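Report on one structure; see the data block that follows.
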Amino acid sequence: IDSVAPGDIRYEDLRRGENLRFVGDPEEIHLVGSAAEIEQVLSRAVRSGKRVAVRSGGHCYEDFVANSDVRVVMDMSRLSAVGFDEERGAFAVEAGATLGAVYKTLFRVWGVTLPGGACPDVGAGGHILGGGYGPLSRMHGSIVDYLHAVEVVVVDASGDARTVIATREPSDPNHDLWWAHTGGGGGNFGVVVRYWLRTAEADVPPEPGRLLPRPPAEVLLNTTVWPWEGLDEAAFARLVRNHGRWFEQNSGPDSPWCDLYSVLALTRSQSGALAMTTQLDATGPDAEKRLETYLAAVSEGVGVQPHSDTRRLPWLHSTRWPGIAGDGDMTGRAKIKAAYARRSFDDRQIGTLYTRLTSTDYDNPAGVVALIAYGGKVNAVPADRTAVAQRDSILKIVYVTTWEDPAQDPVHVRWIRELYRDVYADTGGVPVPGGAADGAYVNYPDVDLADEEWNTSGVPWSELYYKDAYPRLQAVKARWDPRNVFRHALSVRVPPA
Amino acid sequence: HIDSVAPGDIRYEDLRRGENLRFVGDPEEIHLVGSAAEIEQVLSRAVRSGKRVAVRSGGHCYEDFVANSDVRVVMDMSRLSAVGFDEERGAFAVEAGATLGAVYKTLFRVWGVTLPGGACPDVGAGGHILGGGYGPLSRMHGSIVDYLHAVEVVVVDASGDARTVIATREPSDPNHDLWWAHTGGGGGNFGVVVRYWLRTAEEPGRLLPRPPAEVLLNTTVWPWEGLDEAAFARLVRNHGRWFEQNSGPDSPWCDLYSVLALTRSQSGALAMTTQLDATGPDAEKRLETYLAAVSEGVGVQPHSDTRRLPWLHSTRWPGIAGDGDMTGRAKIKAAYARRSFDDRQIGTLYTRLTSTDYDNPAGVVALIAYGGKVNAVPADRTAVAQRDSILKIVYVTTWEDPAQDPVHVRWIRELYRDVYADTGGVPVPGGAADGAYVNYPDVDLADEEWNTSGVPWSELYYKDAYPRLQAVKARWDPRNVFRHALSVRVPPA
Ligand SMILES: *Cc1cc2c(nc3c(=O)[nH]c(=O)nc-3n2C[C@H](O)[C@H](O)[C@H](O)COP(=O)(O)OP(=O)(O)OC[C@H]2O[C@@H](n3cnc4c(N)ncnc43)[C@H](O)[C@@H]2O)c(*)c1C
Ligand SMILES: *Cc1cc2c(nc3c(=O)[nH]c(=O)nc-3n2C[C@H](O)[C@H](O)[C@H](O)COP(=O)(O)OP(=O)(O)OC[C@H]2O[C@@H](n3cnc4c(N)ncnc43)[C@H](O)[C@@H]2O)c(*)c1C
Ligand SMILES: CC1=C[C@H](O)[C@H]2O[C@]1(C)O[C@H]([C@H](C)/C=C(C)/C=C/C(O)=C1\C(=O)CNC1=O)[C@H]2C
Ligand SMILES: CC1=C[C@H](O)[C@H]2O[C@]1(C)O[C@H]([C@H](C)/C=C(C)/C=C/C(O)=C1\C(=O)CNC1=O)[C@H]2C
Ligand SMILES: [Cl-]
Ligand SMILES: [Cl-]
Ligand SMILES: [Cl-]
Ligand SMILES: [Cl-]
Ligand SMILES: [Cl-]
Ligand SMILES: [Mg+2]
Ligand SMILES: [Mg+2]
């Protein structure tokens with residue numbers, strides 16, 4: 001029974017993704033099992049004038065799928081296969097495959113991986129389309145740097161749906177559709193059924209073991225914690241400055257430090273502690289000494305000795321450690337905002353962070369600003385080659401608040417909005433590209449970047465996410481979704497006519 | 001070929017271990033088997049060469065059964081991870097490599113049903129079902145083995161050939177005895193399970209239980225600061241009395257599950273998680289009745305937080321699922337409780353959880369709700385022989401430093417021995433305790449230094465099921481190919 005309507009025991013679960021702020025009201029949720037099922041659902045919906053959306057992993061930070069207008073959901077749960085497609089010479093990942101399944105299959109069967117996200121529950125469907133990256137991206141780039149081809153169901157001007165395959169081959173007639181899938185974002189062009197991935201290096205023999213990167217066999221994992229109790233602004237500032245300068249220096253595509261990843265968590269002082277998690281390739285005989293060099297750089301002159309715990313773990317095991325994977329808790333309510341950083345925070349922004357993290361004004365105790373190591377081999381790719389236009393940044397910066405009370409959304413949304421606006425005040429409240437920031441990342445969507453009350457930079461949401469990729473995305477949208485069947489706040493949208 | 005992993009392979013460091021970092025295996029080969037015939041070939045070759053084998057499905061074994069340095073060949077079931085409805089057999093097929101998270105997501109999203117198996121999503125079906133798996137839905141629906149209709153098993157015969165058999169719940173099935181041993185007999189004992197088939201003993205959405213559509217989940221936390229021994233005792237007694245009264249198979253409270261964590265006082269707080277079917281209009285009032293009973297007269301006001309969630313989402317909330325952290329190192333011990341702790345035992349717990357003679361924030365005694373519909377099944381109908389208990393009690397210590405095992409193992413050994421001191425330091429069946437659960441294995445139950453009860457490890461885990469398990473063992477693994485500490489073994493000859 002592949003349709004799910006209100007009253008079905010499965011409806012409460014399947015009307016929602018993993019973000020509990022958003023409750024969808026679809027008349028039907030179809031657990032589709034093939035391209036031909038997809039074309040059937042889509043043609044019927046479009047002929048009937050009913051708004052659609054696709055869910056794969058359900059990790060959307062915004063209401064793109066659960067939007068109250070959506071009448072028909074295609075849930076990709078039954079399309080979760082991962083394997084090696086011999087007839088194409090590439091690995092096939094169905095849109096509903098979670099990253100935990102992708103990594104366990106690729107690694108235990110073939111000893112390879114993709115430099116995708118940290119959370120194992122994330123789905124391929126939304127993740128790859130949006131420019132997925134994670135712990136191994138400094139070493140191996142974005143997951144879209146391995147996208148060889150995609151199979152997507154698109155809707156004609158007429159309203160009927162059809163299946164097409166689009167590839168990286170420059171002569172492929174649907175090549176621009178392939179390109180839009182290398183960061184163009186979910187819910188914009190059509191329903192991805194499966195992605196085909198392999199290295200784009202030309203010299204490589206046609207063997208699965210050789211067609212995607214080997215991860216390090218073992219890694220060093222460190223946890224470092226500084227108590228907040230003895231920590232003044234000057235100490236907080238030196239720590240952020242140290243960390244920022246180190247990433248400014250050691251993030252180039254040819255840096256030996258491409259094999260290091262870290263997340264520095266600037267937590268609310270109510271939490272008791274600031275913390276950092278670091279992962280280093282443990283292969284080379286000097287790995288421990290190098291890890292200590294980074295850790296000593298971050299703490300240098302801070303005046304607060306951190307607690308530090310380092311363990312060596314075999315690689316696949318390390319991917320499920322919550323220190324890297326996150327804690328798995330998708331209950332409660334969260335608001336995410338984010339930005340690219342080309343350079344580290346200036347002293348005035350650090351002052352804003354310290355005030356906002358120590359203020360008793362609010363008591364958002366779960367609030368955090370996380371600085372995620374980025375760049376390295378991501379930045380070897382020309383900015384125009386894929387739809388991930390940010391190819392010279394050093395960090396992704398994620399601002400988070402979480403809470404429990406369903407009646408208290410406004411105070412929590414306000415806190416994070418004020419914090420982000422204030423950090424980015426001098427560029428109209430938003431991370432404007434091409435300066436200290438490089439705009440925003442579409443898999444951390446934030447409707448506020450299109451809101452005139454929060455964005456006073458004169459730069460539209462579409463340029464913050466996509467920079468100069470946007471006009472090429474709009475040309476793909478005009479060709480491939482002429483009816484604008486696939487849309488949401490922050491969806492690629494052709495120019496007004 | 002790619003499917004055999006040897007030392008030096010990039011995969012070898014991961015695949016030589018389970019999820020238990022205390023145990024590092026030294027297998028010459030790990031075979032990622034893809035079929036019954038591949039398993040047969042691994043086995044028949046190993047038997048001819050005299051090489052010890054072991055199977056790994058989800059890797060969650062709490063003991064060294066799979067990673068024992070003597071194991072030369074491992075069969076890893078990762079590639080056999082499918083879950084679906086088998087139309088030809090009229091039953092749900094769960095391959096041994098399937099994790100519980102995959103089982104639950106597939107059974108629920110595609111068919112609207114579930115199995116009352118364990119809380120952790122990363123556990124494999126392979127070892128879990130064979131050992132008598134239970135979890136949050138067991139008071140409402142029994143043990144997962146109460147839905148075991150059939151099993152496909154690769155066995156080794158006297159001649160040394162491996163072969164594949166199907167054993168079913170039907171009394172006239174010539175392999176029925178083998179089927180029976182899979183309803184609780186434990187992994188690594190009889191042969192290699194390729195797949196289980198499951199359905200209600202009594203159209204796919206009708207063939208297994210439907211879970212509640214929504215549940216209430218509560219977290220209750222009592223600060224340890226100014227919790228004295230009287231208040232700690234009162235809370236434990238209250239909880240114990242409630243479970244002694246409300247754990248019958250016909251109890252309306254078969255739809256409540258909870259874990260009460262008696263933590264080290266260094267941790268800051270005692271805590272309890274509770275899940276209640278939310279479908280009745282009076283669920284919130286029923287939950288409040290339970291919670292007020294546990295806290296009555298304690299003198300410490302808990303912090304309490306209740307949320308209503310859709311069922312599948314609930315199964316991934318770490319308050320129920322656990323935190324997913326299988327790094328560091330852990331020692332588990334466990335017991336069935338037919339009745340709640342007496343005075344001496346509550347006193348021992350309090351002293352050992354507050355002692356500074358010892359220092360480790362991570363030690364806990366978890367009291368897990370049990371019984372209800374588990375107890376509607378006669379004690380001899382499956383290989384799960386404990387069918388009148390009210391709780392499972394789990395003793396745990398965890399640590400980071402791989403050079404500090406002795407002090408942690410000593411701490412937990414001494415706590416468990418002291419709790420069970422009146423019966424030889426072990427939970428002897430048929431009194432306040434009912435023995436032990438083979439999915440929480442503990443080799444100390446076979447060690448004369450820790451078990452002075454006169455009752456052997458086999459009777460603690462299996463009670464009167466053991467002779468029948470030995471007859472199964474003699475018939476189906478005459479060469480004793482499948483063995484480990486605490487494995488089923490025929491009488492001395
Ligand atoms: C919840 C969560 C998200 C994370 C986590 N960690 C990440 C990391 O380390 N690196 C990252 O780059 N991203 C991380 N993310 C974010 C995820 O990358 C985004 O949340 C993804 O967009 C989520 O993908 P998915 O789980 O599939 O989410 P959905 O909500 O189903 O879809 C998102 C968006 O894309 C559309 N879409 C889904 N499926 C399709 C298909 N098949 N075709 C076209 N479009 C699709 C949806 O309609 C929606 O618009 C860690 C955590 C814990
Ligand atoms: C780590 C972990 C364990 C849990 C968790 N939660 C549980 C719960 O809520 N209820 C429970 O009933 N049990 C819980 N457990 C314990 C697990 O039930 C046991 O740890 C299982 O035995 C684990 O099974 P599996 O993950 O497959 O572990 P393995 O280490 O691969 O095997 C254990 C044992 O069984 C043999 N074996 C495995 N596979 C087979 C096959 N196919 N055929 C025969 N025998 C097999 C192994 O050789 C070994 O002897 C929550 C968490 C976090
Ligand atoms: C390293 C990560 C990369 C991924 O891009 C995501 O994953 C990791 C583990 O961390 C990132 C960020 C710091 C953390 C967030 C948003 C935390 C969210 C959070 O606590 C919750 C929710 O989202 C819902 N309930 C909750 O409690 C997040 C964007
Ligand atoms: C409710 C559960 C039932 C399951 O039967 C198991 O799961 C649940 C969630 O909890 C049980 C128990 C209280 C907790 C344990 C053993 C904790 C283990 C633990 O912290 C660790 C490890 O095992 C390894 N490293 C670690 O840090 C455990 C036996
Ligand atoms: Cl298809
Ligand atoms: Cl939207
Ligand atoms: Cl053993
Ligand atoms: Cl039957
Ligand atoms: Cl708990
Ligand atoms: Mg959280
Ligand atoms: Mg733990």
Side-chain angles (χ1 to χ4, degrees), chain A residues 18-21 33-38 59 61 79 94 117-119 122 133-135 151 163 193-194 263 265 277 322 324-327 329-336 338 366 368-370 372 396 398-400 402-403 441 443-444, chain B residues 18-20 39 53-63 65-67 71 74-77 80 95-97 99-100 117-136 138 143-144 151 153-154 182 186-195 321-326 330 332 368 392 437-441 482 484 487:
Chain A
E18 300 301 327
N19 192 330
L20 294 182
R21 288 176 50 218
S34 70
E37 281 182 18
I38 295 166
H59 275 264
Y61 284 125
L79 290 162
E94 297 176 342
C119 309
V122 169
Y133 80 105
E151 178 176 336
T163 301
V193 184
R194 54 185 60 80
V263 173
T277 300
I324 286 292
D327 69 21
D329 188 357
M330 289 305 288
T331 73
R333 302 176 72 81
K335 176 63 187 181
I336 285 62
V368 59
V369 182
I372 305 175
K396 303 200 191 198
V398 183
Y399 302 76
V400 192
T402 66
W403 62 105
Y441 174 44
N443 273 322
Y444 298 159
Chain B
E19 300 308 321
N20 190 338
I39 291 157
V53 304
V55 182
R56 180 166 289 108
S57 283
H60 274 255
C61 194
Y62 285 122
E63 286 281 14
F65 303 170
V66 190
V71 168
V74 169
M75 284 153 296
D76 183 303
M77 304 298 282
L80 294 157
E95 288 180 345
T99 62
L100 296 181
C120 303
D122 191 63
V123 161
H128 178 251
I129 291 173
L130 236 165
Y134 79 105
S138 293
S143 164
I144 193 161
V151 62
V153 190
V154 181
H182 286 75
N189 283 138
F190 311 98
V192 185
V193 178
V194 184
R195 66 185 46 91
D323 64 32
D325 194 347
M326 288 300 299
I332 283 60
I368 303 180
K392 294 210 206 193
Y437 172 42
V438 68
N439 277 328
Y440 297 160
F482 301 97
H484 48 77
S487 67

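Throughout, protein chains are lettered first and strands after them, A, B, ... in sequence-line order, and every chain is numbered starting at 1. All heavy atoms count here, side chains included; hydrogens, waters and symmetry mates do not. Every number for a ligand or one of its atoms is a count from 1 in the order of the listing.
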Item to check | Among A:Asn443, A:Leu20, A:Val400, closest by any non-hydrogen atom to atom 15 (C) of ligand 3 | outcome: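 It is A:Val400 whose heavy atom sits nearest to atom 15 (C) of ligand 3.
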
Item to check | Proximity winner for atom 8 (C) of ligand 3, if only heavy atoms of A:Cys119, A:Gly326, A:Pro135 are counted | outcome: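 Closest candidate by heavy-atom distance is A:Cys119.
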
Item to check | Parallel, tilted or perpendicular, as decided by the 30° and 60° cut-offs, for the rings of A:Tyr441 and A:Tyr133 | outcome: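 A:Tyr133 vs A:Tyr441 ring planes: perpendicular.
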
Checklist entry - Counting only heavy atoms, which portion of A:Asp329 has something under 4.0 Å from ligand 3: side chain, backbone, both, or neither? => result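 Under 4.0 Å from ligand 3, A:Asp329 contributes backbone atoms alone.
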
Checklist entry - Between A:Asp327 and ligand 3, which part of the residue brings a heavy atom under 4.0 Å of the ligand: side chain, backbone, both or neither? => result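 Looking at A:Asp327 and ligand 3, no heavy atom falls under 4.0 Å.
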
Item to check | Student check: side-chain heavy atoms of B:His484 and B:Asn189 closer than 4.5 Å | outcome: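 Answer yes - side chains close enough.
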
Next on the checklist: When you compare the side chain of B:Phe482 with that of B:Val192, does any pair of heavy atoms fall below 4.5 Å?
Outcome noted: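 They are in contact (side-chain heavy atoms under 4.5 Å apart), so the answer is yes.
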
For [X], take its heavy atoms, then give the atoms of ligand 3 lying under 4.0 Å from any of them.
| X | answer |
| --- | --- |
| A:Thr331 | 24 (C), 25 (N), 26 (C) |
| A:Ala370 | 13 (C) |
| A:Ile336 | 16 (C) |

Checklist entry - Are a donor atom and an acceptor atom from the side chains of B:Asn439 and B:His128 found within less than 3.5 Å of each other? => result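 Side-chain D/A pair, B:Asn439 to B:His128: absent.
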
Item to check | Nitrogen or oxygen atoms of A:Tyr444 and ligand 3 under 3.5 Å apart | outcome: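 Looking only at distances, the answer is yes, because the N/O contact criterion of under 3.5 Å is met.
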
Checklist entry - Going through the checks in order, is the side chain to side chain contact (heavy atoms under 4.5 Å, CB included) test met by B:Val71 and B:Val66? => result CA-CA 7 Å; B:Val71 168; B:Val66 190; 5.8 Å; no

For a quick test of reading the model, state the closest non-hydrogen atom pair linking [X] to [Y] and the distance between them.
| X | Y | result |
| --- | --- | --- |
| A:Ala338 | A:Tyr444 | CB-CD1, 3.3 Å |
| B:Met77 | B:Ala96 | CE-CB, 4.0 Å |
| B:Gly131 | B:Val438 | O-CG1, 3.4 Å |

Checklist entry - Do you know which of B:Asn20, B:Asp122, B:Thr99 makes side chain to side chain donor-acceptor pair (under 3.5 Å) with B:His60? => result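 In the set B:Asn20, B:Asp122, B:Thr99, the residue that makes a side chain to side chain donor-acceptor pair (under 3.5 Å) with B:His60 is B:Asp122.
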
Next on the checklist: If the criterion is any heavy atom closer than 4.0 Å to an atom of ligand 2, which residues make the list?
Outcome noted: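 Protein residues near ligand 2 are B:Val55, B:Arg56, B:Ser57, B:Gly58, B:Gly59, B:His60, B:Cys61, B:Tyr62, B:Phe65, B:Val66, B:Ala96, B:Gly118, B:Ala119, B:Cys120, B:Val123, B:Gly124, B:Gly126, B:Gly127, B:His128, B:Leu130, B:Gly133, B:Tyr134, B:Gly187, B:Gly188, B:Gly191, B:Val192, B:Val193, B:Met326, B:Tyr437, B:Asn439, B:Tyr440.
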
Next on the checklist: Return the OG to CG distance between A:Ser34 and A:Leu79, rounded to the nearest 0.5 Å.
Outcome noted: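 Separation between the atoms: 7.0 Å.
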
